[PDB]
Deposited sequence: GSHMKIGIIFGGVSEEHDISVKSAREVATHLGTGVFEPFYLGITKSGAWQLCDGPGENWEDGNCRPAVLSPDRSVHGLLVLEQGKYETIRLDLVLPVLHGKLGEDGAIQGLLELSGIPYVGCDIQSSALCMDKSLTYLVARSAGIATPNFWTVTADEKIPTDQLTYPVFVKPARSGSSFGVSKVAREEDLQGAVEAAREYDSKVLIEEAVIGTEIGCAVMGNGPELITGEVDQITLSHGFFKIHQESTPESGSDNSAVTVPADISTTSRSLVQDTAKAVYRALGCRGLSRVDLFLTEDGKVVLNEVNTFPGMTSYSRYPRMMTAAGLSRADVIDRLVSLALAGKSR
């Protein structure tokens, strides 16, 4: 038998396009005798189709309508062709989705309704990590540092009185740097909030961290975790598209700290399967949390892969391991 694996991609998200790239990379790294892939692509209009494989513009490729069903008796997909339907039972879903509705908890809700095993984090962990201000809330409770931040929903005024520049303004729930601006003067503040609301009605205001931006790639369920090599940001497209150095030029102590911290958060946040912890390392040598990326970019240029690979885990290894982790109980 092969394992029929469901590979979802695309999605009604600002990161749709990256998603396609990540799914395209996945597809080239599932070896021959093991998987029988089903490429479920969600269009930017939220339409579901089963296609020949991710890439562009696969919508214009051979495409059958179909959906992941929430019915357990199906434990898979319905294929919808002109009034007639078929059912394909999957063994496992791999949700290669970034951003809104993908790392939100949205698809992890439909999945849990399916009872089908899946890769990556929970509804909970996904919710906690997409709202950066809940992540900070959790990280603090585990004794982990975080920016100093304020939160502003549609109904609240911005607390300018209280602010010390420079400042980072961001949607509370976005990624790949959509909506993020760096304000330095009061007057440039309202516009920044505005831009950020194009992406979330709830807006985050952060007091700027000084330090090097470090990134750690985590894998595992529960307590048993491994990390990749620690990366470092060197020298509008978000971090994942940034020039990095691997491994980061930092103390061996610094490195373990960075890693232990990443795992400590991953654990506190209840993460599962994988995540990419983003961190700050100040000159005093102390560590601050940025973000927890629960289903990080997996593109040929993405950070997490680069990080696992440098630690001796091939892309096919990572997928192998994520797969077994998803079926782990």
> Which deposited-sequence positions, grouped into ranges, are missing C-alpha coordinates?
Replying inline: 1, 237-249, 344-346
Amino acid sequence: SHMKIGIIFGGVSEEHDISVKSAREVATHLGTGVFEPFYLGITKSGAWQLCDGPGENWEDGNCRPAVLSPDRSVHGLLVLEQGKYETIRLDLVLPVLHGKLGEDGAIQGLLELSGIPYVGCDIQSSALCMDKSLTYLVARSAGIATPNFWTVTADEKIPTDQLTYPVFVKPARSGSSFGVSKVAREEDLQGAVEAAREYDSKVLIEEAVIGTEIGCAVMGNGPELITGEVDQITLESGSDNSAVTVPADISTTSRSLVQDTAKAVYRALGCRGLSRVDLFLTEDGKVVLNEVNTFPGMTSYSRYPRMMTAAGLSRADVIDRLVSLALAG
From here on, numbers count along this sequence of modelled residues.
> According to the deposited model, is the average Cα temperature factor higher in 154-162 or in 111-119?
Replying inline: 154-162
>> Tell me which stretch has the larger mean Cα B-factor in this entry, 27-35 or 40-48.
In response: 27-35
>> Just the C-alpha B-factor column, please: which of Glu103, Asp231, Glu207, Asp71 has the biggest number?
In response: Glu207
> Looking at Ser237, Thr227, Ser126, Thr135, which has the biggest Cα B factor in the entry?
Replying inline: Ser237
> Going by what the PDB entry lists, where does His98 fall on CA B-factor within its chain: lowest, middle or highest third?
Replying inline: lowest
> Can you tell me which third, lowest, middle or highest, the CA B-factor of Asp278 falls into for its chain?
Replying inline: lowest
> By the record's CA B-factor, is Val193 among the lowest, middle or highest third of residues in the chain?
Replying inline: highest
>> Please place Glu291 in the lowest, middle or highest third of its chain according to the CA B-factor in the PDB entry.
In response: lowest
> Would the CA B-factor of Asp131 place it in the lowest, middle or highest third of its chain?
Replying inline: lowest
